[PDB]
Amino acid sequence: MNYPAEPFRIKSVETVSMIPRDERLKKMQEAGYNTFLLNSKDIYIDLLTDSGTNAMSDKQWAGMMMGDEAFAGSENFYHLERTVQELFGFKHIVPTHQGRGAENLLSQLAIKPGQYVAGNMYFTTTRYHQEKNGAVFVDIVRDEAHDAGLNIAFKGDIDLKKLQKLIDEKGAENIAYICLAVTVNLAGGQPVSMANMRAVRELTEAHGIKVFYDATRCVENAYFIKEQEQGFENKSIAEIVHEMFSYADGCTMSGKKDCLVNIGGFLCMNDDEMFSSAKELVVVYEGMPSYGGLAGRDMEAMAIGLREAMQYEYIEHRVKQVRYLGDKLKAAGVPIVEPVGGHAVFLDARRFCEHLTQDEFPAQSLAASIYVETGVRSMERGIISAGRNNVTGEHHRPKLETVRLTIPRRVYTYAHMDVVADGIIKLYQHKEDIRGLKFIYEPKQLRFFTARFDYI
């Protein structure tokens, strides 16, 4: 069915409300035109991010009451460890408080200064941890991924030709690892095919190169494979997920996404020495290998949530609800990234605001504008997020200048999607009303989080 109903009931609710346009206007100014700086109670439907904003189930809340809070040997850790071993198939697990905790560990463990890390497009925290540790990032995604309007399947795939080139021009020993993300967040939540995962494994293995996945949205990815990759139609999400990771040497994971929790993450690997070193390091930044900066109750919620994510009807509905928002927007002629990805609809800021150049930050501006007319919060995913080149000092110039309508799992309904789509269509009517922005405060890294702007 095109748009299935929620494969669950509502157990408990929280109120939503909208403050007037004029109140929202004061608010957008006081946040320095950065949606990141608005306050939760001032937001009606909050599509800033699907990170940590998911609704847990009654089963997970039951596990929340059974937190075994021991510093060492918590039953919750054993339950997480066993679940991840079973479902992802890696030998070892190190819990971390969230994803960038596990990225800090991997980057410190796996990178020698001056080595290359090659990935299917960059992510902000991931790239920063690679570069802080002295790696050079190389984008090996296909060119097509960078074209917003181009509707092709598995836009997340690595270009094997580009991978071959890197191996030829630099030498295998100078490549720390391949970073393969599932889905690809900045491409619009685009999936990677199993075929691509296999071919990447085969080539890297022949040269002795390691492959570490970013598992953050691996279930959404597995959904796309089931739906769209020939041969996978009668496979279960869990089977698909276990095969995906069989082509990897380990993974980083933010549980705050596809594990259906509000906090939590982990690092997995197969290598014993790397496991031993990872435990030496987790102690510095996170906590004991037996809790990694998480309460026992959160290891428990995350163990239960990751297994709930395997239910076909859950993930089908998750992905199709996002698709519904995109379909409504597209039917009205609103320009979006296509095809719609697993977790968000990305409005194409370049087309929405054809009158601005990327230098007056159309994407930051539109996000503000949607808040002002709508009370819906959305996120900048363009030139601001891309940050500065640390060799030249200029803005990285992404081809994708996008505004992200990001959907938390199990929180909103199709009627909420309708409210969002209506507000956005009206704003489209007068797209030309959206003004250029300029920096008034710029952080030294990850600048999009707390940067502040003024109109040009």
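Note that residue numbering follows the sequence shown and begins at 1.
The question of which stretch, 161 to 169 or 176 to 184, has the higher mean Cα B factor is settled in favour of 161 to 169.
Comparing 437 to 445 with 14 to 22, the higher mean C-alpha B-factor in the PDB entry belongs to 437 to 445. When the Cα B-factors of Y414, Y428, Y33, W61 are read from the PDB record, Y33 comes out highest. Taking only the listed residues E273, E286, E308, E81, the entry reports the highest CA temperature factor at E273.
Remark: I111 belongs to the highest third of its chain, ranked by C-alpha B-factor as recorded. When the modelled residues of the chain are ordered by C-alpha B-factor, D143 sits in the middle third. The PDB entry assigns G134 a C-alpha temperature factor belonging to the highest third of its chain's modelled residues. Among the modelled residues of the chain, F245 sits in the middle third by CA temperature factor in this PDB entry. The PDB entry assigns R409 a C-alpha temperature factor belonging to the lowest third of its chain's modelled residues.
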